[PDB]
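# Overview (structure and organization)
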Amino acid sequence: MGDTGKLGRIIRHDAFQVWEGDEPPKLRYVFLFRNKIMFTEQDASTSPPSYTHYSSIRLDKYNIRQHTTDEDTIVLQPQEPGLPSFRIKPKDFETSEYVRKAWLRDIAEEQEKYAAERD
């Protein structure tokens, strides 16, 4: 790909420790930029593997669902041949939720600038 990438920071960027395609846990830094969700799956699979920003999702041709009622979880479903069903859990750190709660709302209406930009 190269090194022609910007910082973005236009939407949201947090690390969600979850399990993609039924495969063992990952530590992906989910970065939402413009209209796509690119998460760097920092997979501590020994040493050689891991995912150098290889995994990515686009809010165009993907199906998505969301769990709530204390258990907030964004679950995307593959409406494209290949993509697996991978969730995201509130594996933030100590106390949170309210952080990931905003993440849902973000998905429901990507780009803060579209509505009202802050900071």
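In this view, residue numbering begins from 1 on each chain in the order the sequence is written and may differ from the entry, while residues that lack coordinates are not shown. Water and hydrogen atoms were dropped before computing side-chain values, which therefore reflect all heavy atoms in the structure.

In its metadata, the entry names solution NMR as the structure determination method.

The PDB entry lists the protein chain under the name UNC-89, with Caenorhabditis elegans as the source organism. This entry's official PDB title is "Solution Structure of the PH Domain from the C. Elegans Muscle Protein UNC-89".

### Concerning the pairing of strand β5 (residues 63-67)
A pair of strands is labelled paired if DSSP reports no fewer than 2 bridges between them. Only DSSP runs of H or I covering at least 4 residues are called helices, and only runs of E covering at least 2 are called strands; the numbering of each starts at the N terminus. In this structure, β5 lies alongside strand β6 (residues 73-77), joined through five bridges in antiparallel fashion. Bridge assignment links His67 to a residue of β6, and that residue is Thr73.

### Some remarks on the pattern of salt bridges
By convention in these notes, a salt bridge is any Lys or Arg side-chain nitrogen within 4 Å of a carboxyl oxygen on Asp or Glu. Summed over the entire model, instances satisfying the criterion amount to eleven salt bridges. The partner of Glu23 in a salt bridge is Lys26, with the nearest N and O atoms 2.8 Å apart. Think of it in three bands: residues with accessible area under 20% of the maximum for their type are buried, residues over 50% are exposed, and the middle band is partly exposed, with areas taken using a 1.4 Å probe on protein chains only. Since its relative accessible area comes to 1%, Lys26 is described here as buried. Residue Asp60 pairs with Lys61 through a salt bridge whose shortest N-O separation is 2.8 Å. Judged by relative accessible area, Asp60 falls into the exposed class, the value being 53%.

### Looking at the packing of aromatic side chains
Stacked, edge-to-face and tilted labels apply to pairs of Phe, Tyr and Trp rings (six-membered ring for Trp) whose centres lie within 6.5 Å, assigned for plane angles under 30 degrees, over 60, and everything in between, in that order. Counted according to the given criterion, the structure contains five aromatic pairs. Between the aromatic rings of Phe31 and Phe33, the centroid separation amounts to 6.0 Å while the plane-to-plane angle is 10°, which identifies the pairing as stacked. When its relative accessible area of 14% is taken as the criterion, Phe33 is described as buried. Ring geometry for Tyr51 and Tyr54: centres 5.9 Å apart, planes at 40°, overall tilted. Using a relative accessible area of 58% as the deciding quantity, one classes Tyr54 as exposed.

### What to know about the nonpolar core
Counting 17 residues, the largest nonpolar core has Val30, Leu32, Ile37 and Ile57 as the members making the most contacts within it. When residues of this core are traced back to their parent elements, those giving at least two are β1 (12-18), β2 (26-33), β3 (36-42), β6 and α1 (98-108). Top contributing element to this core by residue count: α1, with three residues. A contact between two residues is defined here by any heavy atoms of the two lying within 4.5 Å. If sequence neighbours within four positions are ignored, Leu32 has contacts with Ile10, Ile11, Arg12, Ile37, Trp103, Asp106 and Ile107. The definition of a nonpolar core used throughout is a set of buried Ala, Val, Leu, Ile, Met, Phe, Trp, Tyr and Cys residues joined through side-chain atoms within 4.5 Å.

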